[PDB]
């Protein structure tokens, strides 16, 4: 039912428009390169000739852009068109940028919903997909039925920075795990094991943790001893030690703070302060 505007037609934007159209919503789109909207228009989307026209077309404006700089580049020249709009900003950036953007939007008469999309574009419109949302609750409830078409809409609270925080937490785990995976493939190669032979093992190894968390001795000292073996293994192999050294540094600080006999979770205390 509710028609909607989507600005930004990279891969994420494309998926969102297609999903909106699949479900019977009229969609007005805009992008810097018009040929990216061709197929979408052929499917029933309407290409606005300017950003102003995109904004005027609908109350609900969904932004799928690379970062807040891209958002401001598009919106700063058209702030006179923002009055009475609801910006569902699904672009990645920091909690503090989200907070600033919410304030700025309100200066120009618009409401701001922060969205942190948890999935890549091919999972938009699929049942198990979800997006973190934060911002004014009354505004969220008013557009929730439209936002749910893209993903489950998981409202996390009033502050504009909250959805961004959850997203950046997700990306902390994702990128760190990704590097540890690559680190292992490097270590393998330095020991004469090809990446393709080690690949299935490294892949399975990434399931240990979610399994561990689902279920769970518990002495920091034992962890520290294992981590030291990890560090020396990478040192001995001649590969980069940036990542395992950082892990060791963190365990070291816990040990130096008298946590040897405490639970692993005491590391949360270590990480709370620089």
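Numbering follows the first chain given and starts at 1.
Per the record, residue 216 and residue 217 are separated by 10 or more deposited residues that are missing from the model.
Between 36 to 44 and 242 to 250, it is 36 to 44 that carries the larger average Cα temperature factor according to the deposited entry. Averaged over CA atoms, B-factors in the entry run higher in 188 to 196 than in the other of 105 to 113 and 188 to 196. Of the candidates 176, 81, 129, 170, it is 129 whose Cα B-factor is highest according to the PDB record. Across 204, 71, 165, 88, the greatest Cα temperature factor reported in the deposited entry is at 204. In the deposited entry, the Cα temperature factor of residue 182 places it in the lowest third of its chain's modelled residues. Ranked against the other modelled residues of its chain, the C-alpha B-factor of residue 9 as given in the entry falls in the middle third. The deposited CA B-factor of residue 255 belongs to the lowest third of values across its chain. In this PDB entry, the Cα temperature factor of residue 122 sits in the top third of its chain's modelled residues, the highest group.
Per the deposited record, the Cα B-factor of residue 228 falls in the lowest third when ranked against the other modelled residues of its chain.
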